[PDB]
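> this one's experimental. Sequence and coordinates below.
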Amino acid sequence: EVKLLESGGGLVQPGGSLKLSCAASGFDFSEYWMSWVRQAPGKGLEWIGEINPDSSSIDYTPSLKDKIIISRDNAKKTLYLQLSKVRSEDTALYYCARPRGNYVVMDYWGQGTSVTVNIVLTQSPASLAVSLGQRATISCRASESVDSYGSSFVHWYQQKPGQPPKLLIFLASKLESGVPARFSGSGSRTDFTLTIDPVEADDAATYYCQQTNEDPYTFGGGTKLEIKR
Amino acid sequence: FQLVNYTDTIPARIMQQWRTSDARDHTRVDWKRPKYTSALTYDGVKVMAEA
Ligand SMILES: *[C@@H]1O[C@H](CO)[C@@H](O)[C@H](O)[C@H]1NC(C)=O
């Protein structure tokens, strides 16, 4: 399981270009390409930049492409994104992530931080609460197909406020490695479903269904999960 | 013996194109621990195309 470090979340001056330190410790960004995503407060994430492993050609966000430039290096394993004309809504939580396509353990996003300067789906139930040891099954309906290129091409990210988001289930065939979550994509899954059994105080977070089968990877609304006492 | 040399120009370029494609649009099953029959299959498809 690769490890990432992203620290330094702080406001800036009006338009003063910003940059975040995304260090890929214990590994290199040449084996798993590094991608920077952007999630605002109380909303789904957005792909801010997709880069290359061999450090040949990187991309920019399909929303505001020329507005930002994110440099990176494979051997240095350190990326930095910059932009100009910084607005209030422009100060959203930027988080780095490794390429999940290599292995499940590689799906280890960075910490992430915010400052004060796609995919369409709906998960249910939004308000869920069960005691410890319970089995919860959430259904995420979508509009596109349920499987792309042979197997499933959807994933579920278990995010928390200010905490590094984690990818529990992906493609209905490769659940999160290292810490194998009891919940994972299964069945034909017309709506993405995962039967968490048994739940625990550590497995209480916001599960958001983001389908990579609908270009591009955009985190949906998701369903909330807590620990009912 | 070793037939594939994944560090040269053409092999690394082909592998980088494949990796970008697999990042955007997934394949059926990943290429973890790449073998040489995969390279032979790629070359066979290229042979049919050229012919
Ligand atoms: C195989 O790749 C290595 C790495 O660049 C290179 O040094 C070597 O010369 C290549 N093999 C041949 C036969 O050229």
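That came in fine, so what should we check first? Numbers count the residues shown, from 1 in each chain, chains lettered A, B, ... in the order given.

> and the residue of chain A that's closest to the ligand?
Chain A approaches the ligand most closely through residue A:54 (13.5 Å), counting by C-beta to the nearest ligand atom. Any C-beta I mention is one placed from the backbone N, CA and C, and that applies to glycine too.

> once you drop chain neighbours, what's closest to that residue?
residue B:16 (5.4 Å; C-beta to C-beta, 6 or more residues apart in numbering or on different chains).

> how close does the residue in chain B that chain A sits nearest to get to the ligand?
Using C-beta to the nearest C-beta, the point where chain B gets nearest to chain A is residue B:28, with a distance of 3.4 Å. Distance of residue B:28 to the ligand, computed by C-beta to the nearest ligand atom, to the nearest Å: 29 Å.

> centre of the chain versus stretch A:118-133, how much separation?
16 Å (C-alpha atoms, centre = their mean, to the nearest Å).

> hmm, that stretch in reach of chain B?
No: figure legend: stretch A:118-133 not in contact with chain B (C-beta under 8 Å from any C-beta of the partner chain); closest approach 13.6 Å.

> show me what counts as buried in that stretch.
Buried positions in stretch A:118-133, judged by neighbour count with 16 or more other C-beta atoms under 10 Å in any protein chain shown: A:118-119, A:121-123, A:128, A:130.

> possible to save these as CSV with secondary structure?
As requested, the buried residues of stretch A:118-133 are exported to CSV (DSSP: H, G, I helix; E, B strand; the rest coil):
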residue, secondary structure
A:118, coil
A:119, coil
A:121, strand
A:122, strand
A:123, strand
A:128, strand
A:130, strand
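
> dump those residues to a markdown table, plus distance to residue A:45.
Formatted as a markdown table, the buried residues of stretch A:118-133 follow (distance: C-beta to C-beta, whole Å):
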| residue | distance to residue A:45 |
| --- | --- |
| A:118 | 10 |
| A:119 | 10 |
| A:121 | 13 |
| A:122 | 16 |
| A:123 | 15 |
| A:128 | 21 |
| A:130 | 26 |
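
> element containing residue B:12?
Applying DSSP states H and E as the criterion places residue B:12 in helix B:9-24.

> got the buried residues for the helix or strand that that helix is followed by?
Using DSSP H and E, the next helix or strand after helix B:9-24 towards the C-terminus is helix B:37-50. Within helix B:37-50, the residues scored as buried using 16+ other C-beta under 10 Å are residue B:39.

> ok, and what's touching helix B:37-50?
Contacts with helix B:37-50, where a contact means C-beta atoms under 8 Å, 6 or more residues apart in numbering or on different chains, come from B:3-4, B:11, B:14, B:31.

> how much does that helix deviate in direction from helix B:9-24?
Inter-element angle recorded for helix B:37-50 and helix B:9-24: 100 degrees (by axes from the mean of the first three to the mean of the last three C-alpha atoms, to 10 degrees).

> can you count the residues close to residue A:102?
As a burial measure, residue A:102 scores 20 neighbours (other C-beta atoms under 10 Å in any protein chain shown).

> state the distance from it to residue B:3.
According to C-beta to C-beta, to the nearest Å, residue A:102 and residue B:3 sit 24 Å apart.

> same question, residue A:164
Distance, residue A:164 to residue B:3, by C-beta to C-beta: 42 Å.

> so between the two, which is more surrounded?
Regarding residue A:164 and residue B:3, a neighbour count based on other C-beta under 10 Å identifies residue A:164 as having more, with 16 against 7.

> contacts only, for residue A:119.
A:142, A:210-212, A:214, A:216-220.

> now do the phi/psi pair for it.
For residue A:119, the backbone dihedrals (degrees, to the nearest 10) come out as phi -140, psi 130.

> can you pull the contacts of the closest residue in space to residue A:200 that isn't next to it in sequence?
Leaving aside its sequence neighbours, residue A:200 sits nearest to residue A:132 (C-beta to C-beta, 6+ apart; 5.8 Å). Listed by C-beta under 8 Å, 6+ apart, the contact partners of residue A:132 are A:198-201, A:227.

> are any of these buried, and which?
The neighbour-count criterion (16+ other C-beta under 10 Å) marks residue A:199 among the contacts of residue A:132 as buried.

> want to throw the contacts of residue A:132 into TSV with distance to the ligand and secondary structure?
Supplementary listing: the contacts of residue A:132 in TSV, determined by distance: C-beta to the nearest ligand atom, whole Å; DSSP: H, G, I helix; E, B strand; the rest coil:
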residue	distance to the ligand	secondary structure
A:198	51	coil
A:199	51	coil
A:200	49	coil
A:201	51	helix
A:227	54	strand
